[PDB]
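Before any questions on how it binds or moves, here is one chain, the form deposited in one PDB entry, in structure tokens.
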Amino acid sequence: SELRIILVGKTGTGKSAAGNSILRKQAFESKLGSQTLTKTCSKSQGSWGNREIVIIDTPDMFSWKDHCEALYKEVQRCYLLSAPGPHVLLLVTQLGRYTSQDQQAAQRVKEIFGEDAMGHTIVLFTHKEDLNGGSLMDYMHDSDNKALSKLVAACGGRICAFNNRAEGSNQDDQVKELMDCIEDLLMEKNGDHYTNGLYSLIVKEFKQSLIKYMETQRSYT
């Protein structure tokens, strides 16, 4: 009955702080008034509605253009920490600021986890206060950002808004909204988690397979 979530997103959008909001603790390094840069994967756990939540935070470099040795090592770490596969990938973006770099982060999710990972992805929008009291759905409807529309479509319209600084009922409400989105997704998937050939495989063997897998995914994109 455990729920495994992987966090991804463009640098500066606040994915680690979103993880902390969900778990209601300082699970991942994130300091008010400073910019976060996550160098290595880590995991933390909490609960919601009597089930255990396992969150895997990823290095910022997953979202970048790079293919260094450390990248392959950390991807293998991410797969080991999230095995036998994530129920949800949470792609973290800042409201009103979906740029080429967010597009790259989305492309990298497909590269690292497979294009079909979009079918278990939910788009988070941080800085929800910038809706100025309007609804997120109206914001999506009225947005002329074509790349953002394409991401939201790939994700089956699954979206949620957060203020990472939320407290009390504001915090409880945003986490509940996310959990409701997750529950709807899992109902539709008969409770299935996402998986792929690399999860099935689960150090040198994995590395070689991952490089080939990523190359294949780049072509599809």
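Definition used throughout: the rigid core is the maximal C-alpha set that superposes within 1.5 Å between two forms. Start at 1 and count along the sequence shown; that's the residue number. Shifts are known only where both forms have a C-alpha.
The protein also exists as the form deposited with a small molecule bound; that form is not presented, and the subsequent description refers to it.
In summary, the region of this chain contacting the small molecule in the deposited bound form, judged by heavy atoms within 4.5 Å and restricted to 191-199, 175-183, 42-50, 160-168, corresponds to 160-168.
Although the partner is absent here, residue 17 is a contact residue: one of its heavy atoms lies within 4.5 angstroms of the small molecule in the deposited bound form. Residue contact with the small molecule in the deposited bound form: residue 142 places no heavy atom within 4.5 Å of it. In the deposited bound form, at least one heavy atom of residue 31 sits within 4.5 Å of the small molecule.
The closest heavy atom approach of residue 127 to the small molecule in the deposited bound form falls within 4.5 Å. Following superposition on the rigid core between the shown form and the other one, the residue from 196, 36, 44, 171 with a C-alpha displacement of 2 angstroms or more is 36, and no other. In the deposited bound form, the Cα positions of residue 166 and residue 36 lie at least 3 Å farther from each other than in the form displayed. Relative to the shown form, the Cα atoms of residue 33 and residue 103 move together by 3 Å or more in the deposited bound form. By the rule of 2 Å per CA over three or more consecutive residues, the rigid core superposition between the shown form and the other one yields one shifted run, at 30-39.
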